[PDB]
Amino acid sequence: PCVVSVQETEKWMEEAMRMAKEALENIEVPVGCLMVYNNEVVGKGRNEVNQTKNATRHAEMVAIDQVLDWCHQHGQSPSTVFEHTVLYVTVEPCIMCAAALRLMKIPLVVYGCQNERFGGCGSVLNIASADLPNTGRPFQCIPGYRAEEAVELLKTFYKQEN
């Protein structure tokens, strides 16, 4: 029920892209993401840091909260849902978010462009596959999907901030 999500990577990531554009427009770091369980989207999040005024409200953490709400409202054990969920995000999870996905025991992230300032799947630290026996399970990464498009939006955003 895990690789079954991967078939529409094109569609799922095109949809993450449309949210990165939204975040960009609303003065947020252009990062969007979806969480797919059993070919259904159980959670979407764009970066909400400046809107909520909460530094921790990264795209991935807005999506995790949304899945957990979906699990609560439908009476499903988050363990069995997260463990067969794939995350599609336009930018390599930061160090914080990578630890989050680990602790949620998410198995697979598909991501776009390198996160050079905060990346946690190899760029700055490798939280994603590190040996952390008390911080969840390591996950695997399919990097690179539509990276040239995604990195441009980062580069746009930072040319725009102080």
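We number the residues from 1 along the sequence you see.
135-143 versus 11-19 - greater average Cα B-factor per the deposited record: Per the PDB record, 11-19.
Mean temperature factor over C-alpha atoms, higher-scoring stretch between 33-41 and 94-102: Higher mean C-alpha B-factor in the PDB entry: 33-41.
Residue with maximal Cα B-factor (values as given in the PDB entry) among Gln66, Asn50, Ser123, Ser129: Of the options given, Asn50 has the highest CA B-factor in the PDB entry.
Third of the chain, ranked by Cα B-factor, where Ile27 sits: Ranked within chain, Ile27 CA B lands in the highest tercile.
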